[PDB]
Amino acid sequence: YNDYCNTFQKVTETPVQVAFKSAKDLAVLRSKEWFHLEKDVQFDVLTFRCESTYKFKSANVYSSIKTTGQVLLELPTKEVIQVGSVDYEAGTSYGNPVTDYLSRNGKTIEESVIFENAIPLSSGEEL
Amino acid sequence: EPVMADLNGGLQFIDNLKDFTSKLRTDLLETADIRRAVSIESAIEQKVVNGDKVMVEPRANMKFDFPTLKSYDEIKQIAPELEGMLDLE
């Protein structure tokens, strides 16, 4: 199939918790053009919930990447409020910078901890 | 009499010179690290977004060249009075 005009990929990225424990960390966040702050507050941890939308012009090339998301902060009150948004838009591209940044600099909620030794359940007779 | 010459340039008047030098170094290094991190992250963003000059390598040119010959006019300018005076044999 070569009808790349009709392809798309909606990926709801799992919430990524990014900890900004350094002035350089805040600096890189503010250097991200796709990140906008709508509530001027002091935060040490944020939660990025994004919904990437890819459109393909070829197998390896994205016709258009659009990532929209809501960045959340847990206040000392423990209320969760949207301190900002993610709004990335690009044409011909080879990846999503928002997903790359959150993957490298952030840990997803509910990380999967893998045992050193797998525990076999039941047996080849019962299963 | 013995001569004490203080050529310190007024650094004796800085209170806590060590702490002040450390403060300046820490501020400068903090700025450098912040801008380094911002530049590296921006570069990675451009790399992941836009995806992933030929220099000629010199070679020896052993031109076993004879002594360069000047034009006859330039030779005559260097020695005009010598024409047809010496026995070439």
# chains A, B, ... in the order shown; residues from 1 in each chain; ligands from 1
$ residues_around --residues "stretch 51-60 of chain A" --least-positions-apart "6" --cutoff "9 Å" --atoms "only C-alpha atoms" --output "ChimeraX atom specification"
/A:2-14,66-69,88,92,94,96,98-99
$ interface_residues --of "chain A" --to "chain B" --cutoff "6 Å" --atoms "only C-alpha atoms" --output "ChimeraX atom specification"
/A:24,28,93-95,97
$ select_by_dssp --residues "stretch 5-113 of chain A" --states "strand (DSSP E)" --output "mmCIF file with N, CA and C atoms, in the first residue's frame"
data_model
loop_
_atom_site.group_PDB
_atom_site.id
_atom_site.type_symbol
_atom_site.label_atom_id
_atom_site.label_comp_id
_atom_site.auth_asym_id
_atom_site.auth_seq_id
_atom_site.Cartn_x
_atom_site.Cartn_y
_atom_site.Cartn_z
ATOM 1 N N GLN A 9 -1.442 8.412 12.755
ATOM 2 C CA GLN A 9 -1.127 7.694 13.987
ATOM 3 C C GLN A 9 -1.400 8.618 15.162
ATOM 4 N N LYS A 10 -2.451 8.324 15.918
ATOM 5 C CA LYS A 10 -2.768 9.041 17.146
ATOM 6 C C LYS A 10 -2.214 8.227 18.309
ATOM 7 N N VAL A 11 -1.236 8.791 19.013
ATOM 8 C CA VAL A 11 -0.587 8.133 20.141
ATOM 9 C C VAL A 11 -0.825 8.985 21.375
ATOM 10 N N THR A 12 -1.609 8.465 22.317
ATOM 11 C CA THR A 12 -1.758 9.113 23.617
ATOM 12 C C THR A 12 -0.551 8.686 24.448
ATOM 13 N N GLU A 13 0.390 9.611 24.610
ATOM 14 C CA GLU A 13 1.597 9.305 25.358
ATOM 15 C C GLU A 13 1.250 9.164 26.832
ATOM 16 N N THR A 14 1.822 8.153 27.477
ATOM 17 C CA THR A 14 1.546 7.951 28.886
ATOM 18 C C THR A 14 2.073 9.148 29.678
ATOM 19 N N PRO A 15 1.431 9.511 30.790
ATOM 20 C CA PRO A 15 1.907 10.669 31.555
ATOM 21 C C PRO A 15 3.346 10.487 32.009
ATOM 22 N N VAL A 16 4.178 11.479 31.703
ATOM 23 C CA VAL A 16 5.598 11.456 32.038
ATOM 24 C C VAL A 16 5.836 12.483 33.133
ATOM 25 N N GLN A 17 6.433 12.046 34.238
ATOM 26 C CA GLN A 17 6.733 12.929 35.361
ATOM 27 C C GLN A 17 8.172 13.408 35.233
ATOM 28 N N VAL A 18 8.342 14.696 34.953
ATOM 29 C CA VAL A 18 9.656 15.301 34.778
ATOM 30 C C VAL A 18 9.961 16.124 36.022
ATOM 31 N N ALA A 19 11.110 15.861 36.636
ATOM 32 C CA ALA A 19 11.560 16.569 37.827
ATOM 33 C C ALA A 19 12.589 17.610 37.411
ATOM 34 N N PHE A 35 6.779 24.232 24.586
ATOM 35 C CA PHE A 35 6.251 24.304 25.942
ATOM 36 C C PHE A 35 5.859 25.745 26.250
ATOM 37 N N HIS A 36 4.623 25.943 26.708
ATOM 38 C CA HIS A 36 4.117 27.258 27.077
ATOM 39 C C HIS A 36 3.610 27.200 28.509
ATOM 40 N N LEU A 37 3.906 28.239 29.288
ATOM 41 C CA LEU A 37 3.462 28.345 30.674
ATOM 42 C C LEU A 37 2.325 29.356 30.752
ATOM 43 N N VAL A 45 8.260 19.395 40.201
ATOM 44 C CA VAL A 45 7.898 18.245 39.380
ATOM 45 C C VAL A 45 6.666 18.611 38.568
ATOM 46 N N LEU A 46 6.664 18.227 37.296
ATOM 47 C CA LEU A 46 5.523 18.407 36.407
ATOM 48 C C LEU A 46 5.152 17.063 35.790
ATOM 49 N N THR A 47 3.901 16.960 35.344
ATOM 50 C CA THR A 47 3.399 15.764 34.674
ATOM 51 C C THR A 47 2.905 16.163 33.294
ATOM 52 N N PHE A 48 3.512 15.596 32.258
ATOM 53 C CA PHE A 48 3.178 15.897 30.870
ATOM 54 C C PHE A 48 2.272 14.787 30.355
ATOM 55 N N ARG A 49 1.058 15.160 29.949
ATOM 56 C CA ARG A 49 0.094 14.263 29.314
ATOM 57 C C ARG A 49 -0.160 14.817 27.915
ATOM 58 N N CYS A 50 0.272 14.076 26.896
ATOM 59 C CA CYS A 50 0.271 14.544 25.517
ATOM 60 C C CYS A 50 -0.412 13.536 24.598
ATOM 61 N N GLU A 51 -0.858 14.036 23.442
ATOM 62 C CA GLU A 51 -1.537 13.227 22.424
ATOM 63 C C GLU A 51 -0.915 13.577 21.073
ATOM 64 N N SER A 52 0.123 12.838 20.698
ATOM 65 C CA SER A 52 0.780 13.064 19.420
ATOM 66 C C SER A 52 -0.098 12.577 18.272
ATOM 67 N N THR A 53 0.003 13.272 17.141
ATOM 68 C CA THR A 53 -0.729 12.927 15.928
ATOM 69 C C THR A 53 0.246 13.033 14.765
ATOM 70 N N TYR A 54 0.573 11.892 14.171
ATOM 71 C CA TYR A 54 1.499 11.808 13.055
ATOM 72 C C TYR A 54 0.738 11.590 11.757
ATOM 73 N N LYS A 55 1.210 12.234 10.694
ATOM 74 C CA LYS A 55 0.733 12.014 9.338
ATOM 75 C C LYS A 55 1.942 11.727 8.464
ATOM 76 N N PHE A 56 1.860 10.657 7.679
ATOM 77 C CA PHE A 56 2.991 10.130 6.928
ATOM 78 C C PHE A 56 2.892 10.559 5.472
ATOM 79 N N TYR A 62 7.430 11.754 8.175
ATOM 80 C CA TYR A 62 6.142 12.226 8.662
ATOM 81 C C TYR A 62 5.710 13.454 7.872
ATOM 82 N N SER A 63 4.532 13.376 7.251
ATOM 83 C CA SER A 63 3.980 14.550 6.580
ATOM 84 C C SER A 63 3.782 15.693 7.562
ATOM 85 N N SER A 64 3.267 15.394 8.751
ATOM 86 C CA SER A 64 3.002 16.441 9.726
ATOM 87 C C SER A 64 2.892 15.824 11.111
ATOM 88 N N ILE A 65 3.618 16.398 12.065
ATOM 89 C CA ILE A 65 3.586 15.968 13.458
ATOM 90 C C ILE A 65 2.939 17.080 14.266
ATOM 91 N N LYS A 66 1.920 16.727 15.048
ATOM 92 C CA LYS A 66 1.222 17.676 15.906
ATOM 93 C C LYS A 66 1.046 17.056 17.283
ATOM 94 N N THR A 67 1.732 17.611 18.277
ATOM 95 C CA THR A 67 1.648 17.143 19.656
ATOM 96 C C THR A 67 0.964 18.216 20.489
ATOM 97 N N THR A 68 -0.142 17.849 21.130
ATOM 98 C CA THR A 68 -0.878 18.740 22.014
ATOM 99 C C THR A 68 -0.997 18.070 23.372
ATOM 100 N N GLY A 69 -0.727 18.826 24.431
ATOM 101 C CA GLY A 69 -0.722 18.233 25.756
ATOM 102 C C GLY A 69 -0.942 19.261 26.840
ATOM 103 N N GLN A 70 -1.249 18.750 28.030
ATOM 104 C CA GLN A 70 -1.503 19.569 29.214
ATOM 105 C C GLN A 70 -0.475 19.211 30.278
ATOM 106 N N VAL A 71 0.337 20.185 30.678
ATOM 107 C CA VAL A 71 1.331 19.976 31.723
ATOM 108 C C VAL A 71 0.706 20.339 33.062
ATOM 109 N N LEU A 72 0.811 19.429 34.026
ATOM 110 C CA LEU A 72 0.124 19.528 35.302
ATOM 111 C C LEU A 72 1.129 19.639 36.440
ATOM 112 N N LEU A 73 0.707 20.320 37.502
ATOM 113 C CA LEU A 73 1.487 20.498 38.715
ATOM 114 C C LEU A 73 0.615 20.151 39.909
ATOM 115 N N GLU A 74 1.179 19.385 40.839
ATOM 116 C CA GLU A 74 0.536 19.108 42.118
ATOM 117 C C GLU A 74 0.966 20.190 43.101
ATOM 118 N N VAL A 80 -4.290 19.284 41.721
ATOM 119 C CA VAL A 80 -3.548 19.191 40.470
ATOM 120 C C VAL A 80 -4.124 20.224 39.512
ATOM 121 N N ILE A 81 -3.263 21.104 38.996
ATOM 122 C CA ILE A 81 -3.687 22.194 38.125
ATOM 123 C C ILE A 81 -2.789 22.244 36.897
ATOM 124 N N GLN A 82 -3.364 22.700 35.789
ATOM 125 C CA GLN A 82 -2.636 22.825 34.531
ATOM 126 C C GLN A 82 -1.841 24.126 34.554
ATOM 127 N N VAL A 83 -0.518 24.012 34.718
ATOM 128 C CA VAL A 83 0.354 25.183 34.701
ATOM 129 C C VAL A 83 0.755 25.584 33.291
ATOM 130 N N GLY A 84 0.603 24.700 32.315
ATOM 131 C CA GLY A 84 0.985 25.045 30.965
ATOM 132 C C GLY A 84 0.513 24.000 29.982
ATOM 133 N N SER A 85 0.903 24.210 28.730
ATOM 134 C CA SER A 85 0.492 23.339 27.644
ATOM 135 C C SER A 85 1.685 23.041 26.753
ATOM 136 N N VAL A 86 1.558 21.949 26.011
ATOM 137 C CA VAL A 86 2.490 21.569 24.961
ATOM 138 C C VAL A 86 1.768 21.730 23.637
ATOM 139 N N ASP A 87 2.399 22.442 22.706
ATOM 140 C CA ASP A 87 1.831 22.672 21.380
ATOM 141 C C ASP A 87 2.994 22.653 20.392
ATOM 142 N N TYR A 88 3.259 21.483 19.824
ATOM 143 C CA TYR A 88 4.290 21.299 18.818
ATOM 144 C C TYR A 88 3.635 21.004 17.480
ATOM 145 N N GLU A 89 4.120 21.664 16.432
ATOM 146 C CA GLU A 89 3.627 21.435 15.081
ATOM 147 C C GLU A 89 4.806 21.502 14.126
ATOM 148 N N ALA A 90 4.883 20.542 13.209
ATOM 149 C CA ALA A 90 5.989 20.504 12.263
ATOM 150 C C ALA A 90 5.556 19.756 11.015
ATOM 151 N N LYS A 107 10.493 10.302 33.667
ATOM 152 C CA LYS A 107 10.099 8.932 33.965
ATOM 153 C C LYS A 107 8.582 8.831 33.904
ATOM 154 N N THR A 108 8.087 7.810 33.213
ATOM 155 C CA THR A 108 6.653 7.582 33.156
ATOM 156 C C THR A 108 6.133 7.134 34.516
#
$ select_by_dssp --residues "stretch 3-122 of chain A" --states "helix (DSSP H, G or I)" --output "list in words"
residues 4, 5, 6, 23, 24, 25, 26, 27, 28, 29, 30, 31, 97, 98, 99, 100, 101, 102, 103, 104 and 105 of chain A
$ closest_residue --among "B:20, B:43, B:3, B:10" --to "residue A:32" --atoms "only C-alpha atoms"
B:43
$ atom_distance --atom1 "atom CA of residue A:40" --atom2 "atom CA of residue A:104"
25.1 Å
